[PDB]
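One structure is given below, encoded as structure tokens.
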Amino acid sequence: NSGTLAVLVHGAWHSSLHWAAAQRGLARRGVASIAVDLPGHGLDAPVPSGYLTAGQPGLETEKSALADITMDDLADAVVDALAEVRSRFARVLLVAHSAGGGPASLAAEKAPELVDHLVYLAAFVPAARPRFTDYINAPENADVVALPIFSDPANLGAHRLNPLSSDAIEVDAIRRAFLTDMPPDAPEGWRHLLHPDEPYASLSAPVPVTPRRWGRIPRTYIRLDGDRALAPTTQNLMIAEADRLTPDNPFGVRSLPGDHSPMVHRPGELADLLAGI
Amino acid sequence: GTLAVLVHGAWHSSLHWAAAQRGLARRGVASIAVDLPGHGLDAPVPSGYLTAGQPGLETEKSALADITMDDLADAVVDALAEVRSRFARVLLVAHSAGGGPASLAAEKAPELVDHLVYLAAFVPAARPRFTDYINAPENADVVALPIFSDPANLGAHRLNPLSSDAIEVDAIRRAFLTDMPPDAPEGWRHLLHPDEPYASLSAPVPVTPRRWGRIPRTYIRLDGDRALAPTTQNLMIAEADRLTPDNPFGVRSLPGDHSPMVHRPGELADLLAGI
């Protein structure tokens with residue numbers, strides 16, 4: 001693991017900060033790691049003009065500043081990060097979580113030489129269906145906790161969530177979807193560490209990958225069996241459908257118990273898993 | 001085989017190092033960022049912090065009231081102990097109030113640090129409390145932070161970047177992010193934490209010249225700092241060097257504001273990689 005680097009790509013509404021504890025776990029095994037902040041996430045992220053204002057005026061109608069972000073912009077940010085570290089490490093592992101699988105996969109398609117192994121952590125695999133919504137709305141995913149995404153995401157230019165809502169039922173839906181295994185008396189800092197706007201392209205734009213570029217990279221899926229945001233059945237569906245398109249290079253399959261956020265609630269064993277890939 | 005362990009400052013978290021971490025990887029320097037107790041995803045919020053009008057924010061006792069300076073330092077030691085056998089060279093980089101816990105951690109376990117970097121950070125060698133330097137005459141020129149009154153009774157030094165008073169919010173911006181472009185996004189406002197543990201700025205940090213004082217160390221002064229005066233940074237350097245005449249500070253510099261890992265992450269990473 002002396003020359004292995006894990007490039008971590010966060011999921012929708014999250015950022016690089018959610019990987020922090022898992023990065024500590026990886027270092028404990030001598031695995032260096034960096035976390036990419038996709039456009040619209042991290043310290044650079046915007047918020048709607050009323051998101052931090054009492055009453056939250058205009059939140060349901062204001063157009064998002066992320067409306068013009070394309071799927072290629074998200075992938076090219078991953079390509080840029082992979083390109084900056086390629087000459088420094090012999091083995092580069094691309095680790096994507098949830099919606100990050102789109103941009104990570106397209107980056108591996110654009111530049112397969114920059115990626116030595118793909119790791120999908122309950123993430124979107126665009127091999128068989130190019131849009132994440134193609135799986136989110138599939139019958140296998142009907143039993144997940146329905147996220148309170150704002151109506152008409154195409155017009156806002158983003159899939160909008162409101163963890164700062166005064167509606168405790170609304171906030172509790174986000175809580176149960178992402179952080180199901182959270183202790184009953186846990187701190188509430190996570191509420192203002194999420195970003196409200198996820199670019200429309202992230203969940204709704206097609207991600208075209210081919211079996212002769214993306215499909216030849218060694219890859220592993222990590223299924224989260226207690227996932228209430230993306231059903232384990234949907235995760236198995238993505239593994240089976242993608243494998244049928246690359247029969248000579250099938251998915252490696254690992255498994256963890258618990259909710260959609262093992263980097264938060266199981267960072268130690270997630271790092272141990274990643275170091276074993 | 002070099003690992004940089006990054007300790008954030010007050011009201012911040014590991015998140016703010018992200019751009020500098022990517023810059024360090026460019027140069028082949030691995031890095032992790034520690035989240036001190038009460039920061040990051042572990043951070044609590046007052047019950048009214050996210051409520052319209054923020055009721056009770058001025059009086060509610062903090063959940064961080066019982067965190068001691070030893071708790072903050074022991075978290076740094078625990079992080080340093082996990083990576084010691086995996087890297088030949090461990091750089092402990094502290095920013096601002098992070099210098100307190102990082103220095104006490106280095107004093108508790110000197111074999112876990114090969115070099116200390118103080119990035120406009122508190123150096124407790126000559127004065128054990130950060131307020132000994134914050135309230136020094138050399139620091140009178142900083143942008144006054146709108147910290148809530150009576151931090152001892154609250155159990156925290158409280159900041160309110162979510163305040164409806166634009167002047168209050170702008171004072172936080174002018175102190176930490178003076179060089180912010182004119183039309184920058186607002187995300188930074190909700191990525192700060194309101195409560196900094198009372199011990200962070202007020203508790204004494206005891207280090208000795210034969211433990212902490214023997215570790216190679218560097219200070220990175222920020223010349224356009226409006227949160228911690230550059231004069232205060234030079235004073236900390238000089239006063240600390242008198243107590244360790246055999247091991248004086250290495251002194252480097254960066255222009256710009258108090259947040260170089262936000263506004264100058266490239267040159268900051270070039271500096272750290274060259275240490």
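Following the order of the structure tokens, chains are lettered A, B, ..., residues in each are numbered from 1, and ligands are numbered from 1.
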Counting only C-alpha atoms, chain B residues within 7 Å of chain A, as a ChimeraX atom specification: /B:14-15,21-22,25-26,28,30,32-33,41-45,50-53,82-83,86,162,164,185-188,190-191
Quick one: write out the picked residues with N, CA, C and O atoms as a tab-separated table (two decimals), in the first residue's frame?
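Dumped everything to out_22.tsv:
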chain	number	residue	atom	x	y	z
B	14	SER	N	-11.97	20.01	9.60
B	14	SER	CA	-11.12	19.40	8.59
B	14	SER	C	-11.52	19.81	7.18
B	14	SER	O	-10.68	19.75	6.27
B	15	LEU	N	-12.77	20.23	6.98
B	15	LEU	CA	-13.25	20.57	5.64
B	15	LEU	C	-12.43	21.69	5.01
B	15	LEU	O	-12.18	21.68	3.80
B	21	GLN	N	-5.04	20.10	0.86
B	21	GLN	CA	-4.74	18.68	0.80
B	21	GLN	C	-4.52	18.23	-0.64
B	21	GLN	O	-3.62	17.44	-0.92
B	22	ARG	N	-5.35	18.73	-1.56
B	22	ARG	CA	-5.17	18.39	-2.97
B	22	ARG	C	-3.86	18.97	-3.50
B	22	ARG	O	-3.17	18.32	-4.30
B	25	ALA	N	-1.03	16.65	-2.41
B	25	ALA	CA	-0.95	15.43	-3.20
B	25	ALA	C	-0.26	15.67	-4.54
B	25	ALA	O	0.43	14.78	-5.05
B	26	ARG	N	-0.44	16.86	-5.12
B	26	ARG	CA	0.31	17.25	-6.31
B	26	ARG	C	1.80	17.03	-6.12
B	26	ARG	O	2.50	16.60	-7.05
B	28	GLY	N	3.23	14.95	-3.98
B	28	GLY	CA	3.56	13.67	-3.40
B	28	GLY	C	3.59	13.63	-1.89
B	28	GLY	O	4.25	12.76	-1.31
B	30	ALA	N	1.34	12.97	1.27
B	30	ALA	CA	0.07	12.52	1.83
B	30	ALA	C	-0.33	13.42	2.99
B	30	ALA	O	0.51	14.03	3.65
B	32	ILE	N	-3.71	14.02	6.08
B	32	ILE	CA	-5.03	13.84	6.68
B	32	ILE	C	-5.30	15.06	7.55
B	32	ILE	O	-4.38	15.76	8.00
B	33	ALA	N	-6.58	15.31	7.79
B	33	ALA	CA	-7.02	16.44	8.60
B	33	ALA	C	-7.79	15.93	9.80
B	33	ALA	O	-8.73	15.14	9.64
B	41	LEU	N	-18.38	16.67	11.51
B	41	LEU	CA	-19.67	16.02	11.66
B	41	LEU	C	-20.01	15.75	13.12
B	41	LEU	O	-21.18	15.48	13.44
B	42	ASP	N	-19.02	15.81	14.01
B	42	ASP	CA	-19.22	15.64	15.44
B	42	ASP	C	-19.76	16.90	16.11
B	42	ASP	O	-20.11	16.85	17.30
B	43	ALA	N	-19.86	18.00	15.38
B	43	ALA	CA	-20.20	19.27	16.00
B	43	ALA	C	-21.68	19.32	16.36
B	43	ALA	O	-22.54	18.92	15.56
B	44	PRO	N	-22.02	19.80	17.55
B	44	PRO	CA	-23.41	20.11	17.87
B	44	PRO	C	-23.75	21.53	17.43
B	44	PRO	O	-22.88	22.31	17.03
B	45	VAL	N	-25.03	21.86	17.51
B	45	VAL	CA	-25.50	23.22	17.27
B	45	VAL	C	-26.45	23.59	18.41
B	45	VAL	O	-27.17	22.72	18.92
B	50	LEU	N	-30.45	26.98	14.01
B	50	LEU	CA	-31.05	26.81	12.69
B	50	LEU	C	-32.52	27.22	12.67
B	50	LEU	O	-33.25	26.85	11.74
B	51	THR	N	-32.97	27.98	13.67
B	51	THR	CA	-34.36	28.39	13.78
B	51	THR	C	-34.48	29.88	13.47
B	51	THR	O	-33.61	30.67	13.84
B	52	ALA	N	-35.56	30.25	12.76
B	52	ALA	CA	-35.81	31.64	12.41
B	52	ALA	C	-35.76	32.53	13.65
B	52	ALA	O	-36.44	32.27	14.65
B	53	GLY	N	-34.96	33.59	13.58
B	53	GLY	CA	-34.75	34.47	14.70
B	53	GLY	C	-33.75	33.98	15.73
B	53	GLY	O	-33.30	34.77	16.55
B	82	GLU	N	-1.95	6.63	15.41
B	82	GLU	CA	-2.44	5.66	14.43
B	82	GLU	C	-1.55	5.59	13.20
B	82	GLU	O	-1.48	4.55	12.54
B	83	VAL	N	-0.85	6.68	12.87
B	83	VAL	CA	-0.11	6.79	11.62
B	83	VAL	C	1.39	6.72	11.83
B	83	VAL	O	2.14	6.76	10.84
B	86	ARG	N	3.32	4.01	10.01
B	86	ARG	CA	3.07	3.96	8.58
B	86	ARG	C	3.85	5.01	7.79
B	86	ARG	O	3.93	4.89	6.56
B	162	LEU	N	-24.66	32.79	10.81
B	162	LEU	CA	-26.03	32.73	10.31
B	162	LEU	C	-26.87	33.91	10.78
B	162	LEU	O	-28.10	33.86	10.66
B	164	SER	N	-28.81	37.48	11.10
B	164	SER	CA	-29.52	38.37	10.19
B	164	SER	C	-28.91	39.77	10.14
B	164	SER	O	-29.33	40.57	9.30
B	185	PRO	N	-19.62	32.92	-3.46
B	185	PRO	CA	-20.79	32.23	-2.89
B	185	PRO	C	-20.83	32.34	-1.38
B	185	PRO	O	-19.85	32.64	-0.71
B	186	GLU	N	-22.02	32.06	-0.83
B	186	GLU	CA	-22.29	32.16	0.59
B	186	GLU	C	-22.09	30.86	1.35
B	186	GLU	O	-22.32	30.84	2.57
B	187	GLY	N	-21.70	29.78	0.68
B	187	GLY	CA	-21.64	28.48	1.34
B	187	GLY	C	-20.79	28.47	2.60
B	187	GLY	O	-21.10	27.76	3.55
B	188	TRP	N	-19.73	29.28	2.62
B	188	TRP	CA	-18.83	29.30	3.77
B	188	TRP	C	-19.55	29.64	5.07
B	188	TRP	O	-19.11	29.24	6.15
B	190	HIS	N	-22.50	28.65	6.33
B	190	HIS	CA	-23.02	27.50	7.04
B	190	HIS	C	-22.02	26.35	7.15
B	190	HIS	O	-22.35	25.30	7.70
B	191	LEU	N	-20.80	26.53	6.66
B	191	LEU	CA	-19.75	25.55	6.86
B	191	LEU	C	-18.87	25.86	8.07
B	191	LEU	O	-17.95	25.09	8.37
Write out as a CSV table (one decimal) with C-alpha atoms, in the first residue's frame each polymer residue whose atoms come within 12 Å of residue B:38, counting only C-alpha atoms; drop sequence neighbours fewer than 2 positions from it.
chain,number,residue,atom,x,y,z
A,186,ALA,CA,-26.4,12.6,18.2
A,187,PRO,CA,-25.2,16.2,17.4
A,188,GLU,CA,-27.1,18.0,14.7
A,189,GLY,CA,-24.2,19.6,12.9
B,8,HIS,CA,-7.9,23.2,12.0
B,10,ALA,CA,-11.4,27.8,15.9
B,11,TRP,CA,-14.9,27.6,14.4
B,12,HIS,CA,-13.4,25.6,11.5
B,13,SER,CA,-13.1,21.9,10.7
B,14,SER,CA,-11.1,19.4,8.6
B,34,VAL,CA,-8.0,15.9,12.2
B,35,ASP,CA,-11.5,17.0,13.5
B,36,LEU,CA,-11.0,18.3,17.0
B,40,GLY,CA,-16.8,18.5,11.7
B,41,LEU,CA,-19.7,16.0,11.7
B,42,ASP,CA,-19.2,15.6,15.4
B,43,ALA,CA,-20.2,19.3,16.0
B,44,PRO,CA,-23.4,20.1,17.9
B,45,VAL,CA,-25.5,23.2,17.3
B,62,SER,CA,-23.0,25.1,24.9
B,63,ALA,CA,-22.7,21.3,24.5
B,64,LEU,CA,-19.0,21.9,24.4
B,65,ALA,CA,-18.8,23.4,27.9
B,66,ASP,CA,-17.0,20.4,29.5
B,67,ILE,CA,-14.4,19.8,26.8
B,68,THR,CA,-10.9,20.3,28.3
B,71,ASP,CA,-9.5,16.4,25.5
B,72,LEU,CA,-8.5,18.5,22.5
B,75,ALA,CA,-7.5,13.8,20.0
B,156,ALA,CA,-17.9,28.4,24.5
B,192,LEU,CA,-18.5,27.3,10.0
B,193,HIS,CA,-19.3,26.1,13.5
B,194,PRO,CA,-20.9,28.5,16.0
B,195,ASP,CA,-19.4,27.2,19.2
B,196,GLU,CA,-15.7,26.9,19.9
B,197,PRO,CA,-14.9,25.2,23.2
B,198,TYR,CA,-14.1,27.7,26.0
B,199,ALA,CA,-10.9,25.9,26.8
B,200,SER,CA,-9.6,26.3,23.2
Non-local contacts of residue A:39 (10 Å; only C-alpha atoms; under 4 positions in same chain excluded) as number ranges by chain: A: 15, 44-45, 66, 69-70, 73-78, 198-199
Would you output that residue set with N, CA, C and O atoms, as a compact mmCIF listing (two decimals), in the first residue's frame?
# COMPACT_ATOMS: atom_id res chain seq x y z
N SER A 15 -20.02 16.48 0.40
CA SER A 15 -18.80 17.13 -0.05
C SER A 15 -17.61 16.29 0.42
O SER A 15 -17.77 15.20 0.97
N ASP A 44 -16.59 26.06 -2.00
CA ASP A 44 -16.99 26.88 -3.13
C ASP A 44 -18.50 26.88 -3.37
O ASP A 44 -18.96 27.61 -4.26
N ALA A 45 -19.26 26.09 -2.62
CA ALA A 45 -20.66 25.88 -2.94
C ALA A 45 -21.47 27.15 -2.73
O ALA A 45 -21.21 27.91 -1.78
N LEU A 66 -26.28 26.33 -9.88
CA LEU A 66 -25.69 25.14 -10.48
C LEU A 66 -26.45 24.67 -11.72
O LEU A 66 -26.22 23.55 -12.18
N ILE A 69 -24.28 23.52 -14.79
CA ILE A 69 -23.27 22.49 -14.63
C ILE A 69 -23.68 21.27 -15.45
O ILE A 69 -24.78 20.73 -15.28
N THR A 70 -22.80 20.83 -16.34
CA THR A 70 -23.05 19.64 -17.14
C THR A 70 -22.36 18.43 -16.52
O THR A 70 -21.47 18.56 -15.67
N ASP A 73 -18.76 18.58 -17.04
CA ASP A 73 -18.05 19.42 -16.08
C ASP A 73 -17.74 18.66 -14.80
O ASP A 73 -16.66 18.81 -14.22
N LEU A 74 -18.69 17.84 -14.34
CA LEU A 74 -18.45 17.04 -13.14
C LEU A 74 -17.37 16.00 -13.37
O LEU A 74 -16.48 15.82 -12.53
N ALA A 75 -17.42 15.31 -14.51
CA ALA A 75 -16.41 14.31 -14.82
C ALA A 75 -15.04 14.94 -15.01
O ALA A 75 -14.03 14.41 -14.52
N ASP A 76 -14.98 16.07 -15.72
CA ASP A 76 -13.69 16.70 -15.99
C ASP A 76 -13.00 17.15 -14.71
O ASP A 76 -11.77 17.22 -14.66
N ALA A 77 -13.78 17.47 -13.67
CA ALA A 77 -13.18 17.77 -12.38
C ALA A 77 -12.51 16.53 -11.79
O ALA A 77 -11.46 16.64 -11.14
N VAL A 78 -13.09 15.35 -12.01
CA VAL A 78 -12.46 14.12 -11.56
C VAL A 78 -11.23 13.81 -12.40
O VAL A 78 -10.19 13.38 -11.88
N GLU A 198 -28.14 20.00 -5.40
CA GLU A 198 -27.33 19.10 -6.20
C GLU A 198 -27.58 19.39 -7.67
O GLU A 198 -28.75 19.47 -8.07
N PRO A 199 -26.53 19.56 -8.48
CA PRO A 199 -26.75 19.92 -9.89
C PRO A 199 -27.72 18.96 -10.56
O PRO A 199 -27.73 17.76 -10.29
Shell around residue A:130 at 7 Å using only C-alpha atoms, local window under 2 positions removed, as a ChimeraX atom specification: /A:126-128,132,206-208
Store the residues picked out above, limited to N, CA and C atoms, as an mmCIF file, in the first residue's frame.
data_model
loop_
_atom_site.group_PDB
_atom_site.id
_atom_site.type_symbol
_atom_site.label_atom_id
_atom_site.label_comp_id
_atom_site.auth_asym_id
_atom_site.auth_seq_id
_atom_site.Cartn_x
_atom_site.Cartn_y
_atom_site.Cartn_z
ATOM 1 N N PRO A 126 -23.354 3.525 -14.516
ATOM 2 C CA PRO A 126 -24.128 3.931 -15.698
ATOM 3 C C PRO A 126 -23.954 3.020 -16.902
ATOM 4 N N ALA A 127 -23.469 1.796 -16.682
ATOM 5 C CA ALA A 127 -23.167 0.904 -17.798
ATOM 6 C C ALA A 127 -24.428 0.523 -18.564
ATOM 7 N N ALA A 128 -25.445 0.032 -17.858
ATOM 8 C CA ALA A 128 -26.653 -0.465 -18.506
ATOM 9 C C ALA A 128 -27.712 0.614 -18.689
ATOM 10 N N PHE A 132 -28.998 8.209 -13.536
ATOM 11 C CA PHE A 132 -29.191 7.703 -12.179
ATOM 12 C C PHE A 132 -30.673 7.546 -11.858
ATOM 13 N N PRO A 206 -27.513 11.895 -18.777
ATOM 14 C CA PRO A 206 -26.966 10.586 -19.148
ATOM 15 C C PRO A 206 -25.448 10.569 -19.041
ATOM 16 N N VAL A 207 -24.919 9.426 -18.625
ATOM 17 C CA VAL A 207 -23.486 9.205 -18.488
ATOM 18 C C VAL A 207 -23.091 8.065 -19.417
ATOM 19 N N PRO A 208 -22.628 8.372 -20.631
ATOM 20 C CA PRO A 208 -22.304 7.310 -21.599
ATOM 21 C C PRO A 208 -20.913 6.737 -21.358
#
Pairwise distance for atom CA of residue A:212 and atom CA of residue A:107, rounded to one decimal in Å: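 Those two atoms sit 14.1 Å apart.
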Atom pair atom CA of residue B:61 / atom CA of residue B:163: separation (Å): 18.2 Å
Per DSSP on the backbone, what are the strand (DSSP E) residues of stretch 7-248 of chain B, as a short mmCIF file (atom, residue, chain, number, x, y, z; two decimals) with N, CA and C atoms, in the first residue's frame?
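Wrote result.cif, looks like this:
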data_model
loop_
_atom_site.label_atom_id
_atom_site.label_comp_id
_atom_site.auth_asym_id
_atom_site.auth_seq_id
_atom_site.Cartn_x
_atom_site.Cartn_y
_atom_site.Cartn_z
N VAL B 7 -4.39 20.29 11.59
CA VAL B 7 -5.28 20.62 12.70
C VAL B 7 -5.89 21.99 12.41
N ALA B 30 1.34 12.97 1.27
CA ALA B 30 0.07 12.52 1.83
C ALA B 30 -0.33 13.42 2.99
N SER B 31 -1.64 13.51 3.22
CA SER B 31 -2.13 14.36 4.30
C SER B 31 -3.48 13.85 4.78
N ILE B 32 -3.71 14.02 6.08
CA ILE B 32 -5.03 13.84 6.68
C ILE B 32 -5.30 15.06 7.55
N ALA B 33 -6.58 15.31 7.79
CA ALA B 33 -7.02 16.44 8.60
C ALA B 33 -7.79 15.93 9.80
N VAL B 34 -7.40 16.36 10.98
CA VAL B 34 -8.04 15.95 12.22
C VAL B 34 -9.25 16.84 12.47
N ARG B 89 8.12 10.29 8.24
CA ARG B 89 8.15 11.71 8.59
C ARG B 89 6.73 12.21 8.75
N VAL B 90 6.40 12.69 9.94
CA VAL B 90 5.06 13.19 10.24
C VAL B 90 5.16 14.68 10.55
N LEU B 91 4.53 15.50 9.71
CA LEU B 91 4.42 16.93 9.94
C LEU B 91 3.09 17.22 10.61
N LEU B 92 3.15 17.89 11.76
CA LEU B 92 1.95 18.35 12.46
C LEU B 92 1.77 19.82 12.12
N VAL B 93 0.75 20.13 11.32
CA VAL B 93 0.47 21.48 10.87
C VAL B 93 -0.76 21.98 11.61
N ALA B 94 -0.60 23.07 12.34
CA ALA B 94 -1.70 23.68 13.09
C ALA B 94 -2.00 25.06 12.54
N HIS B 95 -3.28 25.42 12.54
CA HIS B 95 -3.73 26.74 12.12
C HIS B 95 -4.46 27.41 13.27
N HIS B 115 8.17 17.28 12.84
CA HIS B 115 8.27 18.70 12.55
C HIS B 115 6.93 19.35 12.86
N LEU B 116 6.98 20.50 13.53
CA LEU B 116 5.79 21.27 13.87
C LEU B 116 5.72 22.49 12.97
N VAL B 117 4.55 22.71 12.37
CA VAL B 117 4.32 23.88 11.53
C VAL B 117 3.19 24.69 12.15
N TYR B 118 3.46 25.96 12.44
CA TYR B 118 2.47 26.88 13.00
C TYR B 118 2.06 27.85 11.90
N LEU B 119 0.83 27.70 11.41
CA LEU B 119 0.30 28.53 10.34
C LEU B 119 -0.59 29.59 10.98
N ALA B 156 -18.42 28.31 25.88
CA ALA B 156 -17.90 28.35 24.52
C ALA B 156 -17.72 29.80 24.11
N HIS B 157 -16.82 30.00 23.15
CA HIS B 157 -16.73 31.27 22.43
C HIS B 157 -17.62 31.14 21.19
N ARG B 158 -18.73 31.86 21.20
CA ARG B 158 -19.80 31.66 20.22
C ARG B 158 -19.71 32.70 19.12
N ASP B 195 -19.96 27.29 17.85
CA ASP B 195 -19.36 27.15 19.18
C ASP B 195 -17.93 26.65 19.07
N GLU B 196 -17.00 27.41 19.61
CA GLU B 196 -15.65 26.94 19.88
C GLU B 196 -15.52 26.65 21.36
N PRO B 197 -15.00 25.49 21.76
CA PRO B 197 -14.89 25.18 23.19
C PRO B 197 -14.19 26.29 23.95
N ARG B 217 10.75 22.96 14.20
CA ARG B 217 9.48 23.64 14.04
C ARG B 217 9.63 24.83 13.10
N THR B 218 8.52 25.19 12.47
CA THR B 218 8.44 26.29 11.53
C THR B 218 7.19 27.10 11.83
N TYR B 219 7.29 28.41 11.64
CA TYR B 219 6.15 29.30 11.71
C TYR B 219 5.93 29.91 10.33
N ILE B 220 4.69 29.88 9.86
CA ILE B 220 4.30 30.51 8.60
C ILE B 220 3.47 31.73 8.94
N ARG B 221 4.06 32.91 8.80
CA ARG B 221 3.35 34.15 9.07
C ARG B 221 2.51 34.54 7.86
N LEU B 222 1.30 35.02 8.13
CA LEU B 222 0.38 35.50 7.10
C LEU B 222 0.36 37.02 7.16
#
All residues 9 Å or closer to residue B:20, only C-alpha atoms, same chain fewer than 6 positions away omitted, as a VMD selection string: chain B and resid 260 to 262 264 to 269
For the residues selected in the previous step, produce a file with N, CA and C atoms as a CSV table (one decimal), in the first residue's frame.
chain,number,residue,atom,x,y,z
B,260,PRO,N,-5.3,30.9,4.1
B,260,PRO,CA,-4.5,30.6,2.9
B,260,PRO,C,-4.9,29.2,2.4
B,261,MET,N,-5.5,28.3,3.2
B,261,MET,CA,-5.9,27.0,2.7
B,261,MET,C,-7.2,27.1,1.9
B,262,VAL,N,-7.8,28.3,1.9
B,262,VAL,CA,-8.9,28.6,1.1
B,262,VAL,C,-8.6,29.5,-0.1
B,264,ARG,N,-5.2,30.6,-1.0
B,264,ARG,CA,-3.9,30.4,-1.6
B,264,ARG,C,-3.4,29.0,-1.4
B,265,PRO,N,-4.3,28.0,-1.7
B,265,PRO,CA,-3.9,26.6,-1.3
B,265,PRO,C,-2.7,26.0,-2.1
B,266,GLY,N,-2.5,26.6,-3.3
B,266,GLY,CA,-1.3,26.2,-4.1
B,266,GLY,C,0.0,26.6,-3.4
B,267,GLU,N,0.2,27.9,-3.1
B,267,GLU,CA,1.4,28.3,-2.5
B,267,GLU,C,1.6,27.8,-1.1
B,268,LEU,N,0.5,27.6,-0.4
B,268,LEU,CA,0.6,27.0,0.9
B,268,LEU,C,1.1,25.6,0.8
B,269,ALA,N,0.5,24.8,-0.1
B,269,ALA,CA,1.0,23.4,-0.3
B,269,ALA,C,2.5,23.4,-0.7
Shell of 7 Å around stretch 233-238 of chain B, only C-alpha atoms, local chain residues under 3 positions omitted, as a ChimeraX atom specification: /B:120,123,221,229-230,241-242,249
Nearest to residue A:63, chosen from A:101, A:268, A:226, A:157, with only C-alpha atoms counted in the distances: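 Of all the options, A:157 lies closest to residue A:63.
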Sel. of helix (DSSP H, G or I) residues, stretch 48-252 of chain A, as a PyMOL selection string: chain A and resi 71-88+98-110+112-114+133-136+139-141+153-156+168-178+190-193+200-204+214-216+232-245
Between atom CA of residue B:211 and atom CA of residue B:99, distance in Å (one decimal): 15.8 Å
Pick from B:244, B:59, B:232, B:103, whichever lies nearest to residue B:150 using only C-alpha atoms: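 Among the listed residues, the smallest separation from residue B:150 belongs to B:59.
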Nearest-residue call for residue A:10, choices A:58, A:94, A:243, A:68, using only C-alpha atoms: A:94
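If you count only C-alpha atoms and ignore residues fewer than 6 places along the chain from residue A:253, what sits within 7 Å of it is residues 220, 221 and 222 of chain A.
In this comparison, which uses only C-alpha atoms, the residue of B:245, B:155, B:216, B:1 approaching residue B:114 most closely is B:216.
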